[PDB]
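Q: Protein chains in written order, with our numbering: chain V, 731 to 948; chain L, 45 to 66; chain B, -11 to 319.
Got a structure for you, written out below as structure tokens; questions coming shortly.
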Amino acid sequence: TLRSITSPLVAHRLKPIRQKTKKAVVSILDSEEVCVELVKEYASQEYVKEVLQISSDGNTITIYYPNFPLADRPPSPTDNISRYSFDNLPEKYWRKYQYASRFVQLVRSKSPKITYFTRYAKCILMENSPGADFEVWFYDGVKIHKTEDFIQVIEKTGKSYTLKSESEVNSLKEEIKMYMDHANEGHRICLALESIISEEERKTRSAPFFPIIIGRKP
Amino acid sequence: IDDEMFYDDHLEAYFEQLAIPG
Amino acid sequence: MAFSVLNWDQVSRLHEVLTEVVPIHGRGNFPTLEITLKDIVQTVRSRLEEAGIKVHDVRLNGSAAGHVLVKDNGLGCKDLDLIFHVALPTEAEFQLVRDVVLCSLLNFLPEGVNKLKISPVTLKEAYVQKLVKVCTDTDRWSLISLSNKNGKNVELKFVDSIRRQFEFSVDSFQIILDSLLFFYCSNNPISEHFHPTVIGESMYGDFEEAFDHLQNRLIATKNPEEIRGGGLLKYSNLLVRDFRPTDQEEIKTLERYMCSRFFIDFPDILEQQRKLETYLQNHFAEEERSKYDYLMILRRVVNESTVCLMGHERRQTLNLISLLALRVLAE
């Protein structure tokens, strides 16, 4: 089963974007559905063999085969259309779906959800939940970035470097420990705010409660 | 397709726009 | 769901539907097929059983059932939808069902019947006009359409499970055909003192209530939660054919529900235009006078039932409707 290899995509709250690539076009429309256009070359123009429209919870997948020439927007669907649900999708479409999944995932990891201003830094929790990327942009120039795996740090001088594992955490210049302490305070806070606002949204029935900016630079 | 790279500069303009309200 | 029995008048009209010679257009150079519903149903059922797929039921849907139940009603005859209650577990069976249907298409031809090589792809690109595969949580069915032109479109739909496509009372009718295909076994034709027992069904509620709605020309539905985009457009077609709501009180609310779900499902005006132009070309191909009356019924409904906060998008769609009128009012 596909569910055993990746999780279903989520396109909620993602800004529209039309990204051309060498073998494909990917588009996040205004409706938040996600479209993937397959591009083939003939003669001297490029066409679109099939279109994969994915719902916002990617649960319902509409896929169609028109013949259309590439354009500024995705082709409109014909009648030769196939409608599938996530768990009955045949292997032939999995690789494409995993392509859209990895794309959405990367966009989420750079699309802010909660911005938070402290007396020393501008925090930014991204949308790639759970274990979302977490940037701490200290005002003095120091940068910090936390992923489920690596943790990137930069210093004013530009000594850009990275770290692995919890082996070196304690043994470090206590100034950098100060930066990490403030960043973990911010992370706990931002996750708490996300959780409580989400819960009220669970009750609520209207317009989104995210993105959200908190505080201000003095 | 599972070879494709898609992280080029138009996406960089998109990301700039994302962080501009900050 | 209730159960009723077509009287002799009705059974006769069903027989006329089943023995009516329907022409099927052939996109391209391919000749026009002179088929018949009895023949297609028989061939398809026979080859499905032979191929190992049980066919529990065969039913007649669409406006055809309504034309059977009430002679020369307001609804016309362009629709001829068949439903084959068939189990569809894996995609293998879905592909077999496509191969079987294209093969049974090959079986009706006036001379080149011996062409035992004409392949399923040239047949799809020559005889099939609409193809629809659905295999989701609840919904699970396949649909093959036949050519739409100087004749009537014959639509074969294979339902494993369906989220009960509920609609207006006037098109929720299904007729279980088994009794009439089996009945001919008799050596003589069906007469008034000697007819088969045919059974009608209603896909939601009391069958006798829908029948009453159809005789008195009433508009009604009971599952508005599960209404999607095209309900409003169907509703306006009922309006242009002089059908009235069952109670003027609740229809202002039904109208608001259809309008909101319409804007939720067609937010981009370009998609709206496509949807409308194709709806118009489907239901009013040649009823020229009917088109303007329809467009103005729609405009009236949109204007009265679009909530105030969406007035802006209202004007945009009203303008689309207006532009369509300037075209329907000259040619």
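Backbone N, C-alpha and C fix where the C-beta goes; we use that ideal spot for every residue, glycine too.
Should residue 270(B) be labelled buried (16 or more other beta-carbon atoms within 10 Å of its own) or exposed?
A: Classification of residue 270(B): exposed, given that the 10 Å Cβ count is below 16.
Q: In whole angstroms, what is the alpha-carbon distance linking residue 909(V) and residue 842(V)?
A: C-alpha separation (whole angstroms): 21 angstroms.
Q: I think residue 55(B) touches residue 65(B), with their Cβ atoms under 8 angstroms apart; what is that distance to the nearest whole Å?
A: With 8 angstroms as the limit, residue 55(B) and residue 65(B) qualify as a contact, their Cβ atoms being about 6 angstroms apart.
Q: In chain order, what are the residue ranges of uninterrupted beta strand (DSSP E) at least 3 long that sit wholly in the region 131 to 205 of chain B?
A: Segments of the beta strand (DSSP E) lying fully in the region 131 to 205 of chain B: 141 to 149, 161 to 164, 187 to 190.
Q: Listing by chain order, which chain V residues have their CB less than 9 angstroms from the CB of residue 48(L)?
A: 751, 752, 753, 754, 829, listed in chain order.
Q: Residues bridged to residue 48(B) by DSSP?
A: DSSP output for residue 48(B) lists 70(B), 163(B) as bridge partner(s).
Q: In whole angstroms, what separates the C-alpha of residue 6(B) from that of residue 188(B)?
A: Whole-angstrom Cα-Cα distance: 15 angstroms.
Q: Leaving out five residues before and five after residue 810(V) in sequence, what residues of the same chain have Cβ atoms less than 8 angstroms from its Cβ?
A: Correct list, in chain order: 794, 795, 796.
Q: To the nearest angstrom, how far is the alpha carbon of residue 181(B) from that of residue 112(B)?
A: If you take the alpha carbons of residue 181(B) and residue 112(B), they lie about 44 angstroms apart.
Q: Considering residue 873(V), what are the terminal residues of the beta strand (DSSP E) in which it resides?
A: Start and end: 873 to 876.
Q: Give every residue of the same chain whose Cβ lies closer than 7 angstroms to the Cβ of residue 208(B), excluding the five residues on either side of it in the sequence, and list them in chain order.
A: So the list reads 156, 157, 201, 234, once near-sequence residues are dropped.
Q: For residue 887(V) and chain L, any beta-carbon pair shorter than 8 angstroms?
A: So, not an interface residue.
Q: Enumerate in chain order the residues of its own chain whose CB-to-CB distance from residue 826(V) is below 7 angstroms, with the five nearest sequence positions on each side excluded.
A: Taken in chain order, the residues that qualify are 766, 782.
Q: Tell me the DSSP secondary structure of residue 893(V) in three-state form.
A: In this structure, residue 893(V) counts as strand in the three-state DSSP scheme.
Q: Tell me the DSSP secondary structure of residue 290(B) in three-state form.
A: Note: residue 290(B) maps to helix in three-state DSSP.
Q: Roughly how far, in whole angstroms, is the beta-carbon of residue 149(B) from the beta-carbon of residue 192(B), given that I think they are within contact range, below 8 angstroms?
A: Actually they are not in contact, since the Cβ atoms of residue 149(B) and residue 192(B) sit about 16 angstroms apart, beyond 8 angstroms.
Q: Which stretch, first to last residue, makes up the alpha helix (DSSP H) that contains residue 925(V)?
A: Taken as a continuous stretch (DSSP letters only), the alpha helix (DSSP H) holding residue 925(V) covers 904 to 933.
Q: Give the straight-line distance between the Cα atoms of residue 228(B) and residue 195(B), rounded to the nearest whole angstrom.
A: Looking at the two C-alpha atoms, the distance is approximately 25 angstroms.
Q: Kindly indicate the opening and closing residues of the beta strand (DSSP E) around residue 24(B).
A: Element bounds for residue 24(B): 21 to 24.
Q: What number of angstroms, rounded off, separates the C-alpha of residue 898(V) from the C-alpha of residue 866(V)?
A: Going by the C-alpha atoms only, they are around 20 angstroms apart.
Q: I believe residue 205(B) touches residue 230(B) by the beta-carbon criterion, under 8 angstroms. Please report the beta-carbon distance rounded to the nearest angstrom.
A: 7 angstroms between Cβ atoms; contact.
Q: Relative to the C-alpha of residue 937(V), which candidate in 732(V), 735(V), 742(V), 733(V) has its C-alpha closest?
A: Among 732(V), 735(V), 742(V), 733(V), the Cα nearest to that of residue 937(V) belongs to 742(V).
Q: In angstroms with no decimal places, state the Cα-to-Cα distance between residue 76(B) and residue 883(V).
A: C-alpha separation (whole angstroms): 56 angstroms.
Q: Under 7 angstroms Cβ to Cβ from residue 26(B), same chain only, skipping five residues before and after it: list those, please.
A: Here the set comprises 6, 7, 169.
Q: For residue 45(L), which residues in chain V fall below 8 angstroms Cβ to Cβ?
A: Result: 753, 754, 825, 826, 829.
Q: Anyone know if the C-beta pair for residue 733(V) and residue 124(B) falls short of 8 angstroms?
A: No, the pair does not count as a contact, with Cβ atoms beyond the cut-off.
Q: Taking 8 angstroms as the threshold (beta carbon to beta carbon), is residue 255(B) in contact with chain V?
A: Judged by the 8 angstroms Cβ criterion, residue 255(B) is in contact with chain V.
Q: Short of 8 angstroms in beta carbon distance, which residues of its chain neighbour residue -10(B), apart from the five on each side in sequence? Order them along the chain.
A: Cβ neighbours of residue -10(B) beyond the five flanking positions: 189, 190, 193, 194, 195, 196.
Q: Where in the region 764 to 798 of chain V do unbroken runs of the beta strand (DSSP E), each at least 3 residues long, occur, reported from the N-terminal end onward?
A: Runs found: 764 to 772, 775 to 784, 790 to 794.
Q: What are the partner residues of residue 233(B), as DSSP defines its beta bridges?
A: BP columns for residue 233(B) point to 207(B).
Q: Any beta-carbon of chain B closer than 8 angstroms to the one on residue 790(V)?
A: So yes, residue 790(V) belongs to the interface.
Q: Report buried or exposed for residue 273(B), applying the criterion of at least 16 other Cβ atoms within 10 angstroms of its Cβ.
A: It is exposed - the Cβ of residue 273(B) has fewer than 16 other Cβ atoms within 10 Å.
Q: Could you pull out every residue in the same chain whose Cβ sits closer than 8 angstroms to the Cβ of residue 135(B), ignoring the five residues on either side in sequence?
A: Within the same chain, residue 135(B) has close Cβ partners 12, 13, 14, 15, 115, 117, 141.
Q: Restricting to Cα atoms, I'd like to know which of 873(V), 835(V), 744(V) is closest to residue 851(V).
A: When each option's Cα is compared against that of residue 851(V), the closest is 873(V).
Q: Drop a sphere of 10 angstroms on the beta-carbon of residue 950(V), count the other beta-carbons inside from all chains shown, and report buried for 16 or more, exposed for fewer.
A: This structure does not reach residue 950(V), given that chain V is present from 731 up to 948, and the question cannot be answered.
Q: With 16 as the cutoff for other CB atoms within 10 Å, does residue 844(V) come out buried or exposed?
A: Answer is buried; the Cβ neighbour count reaches 16.
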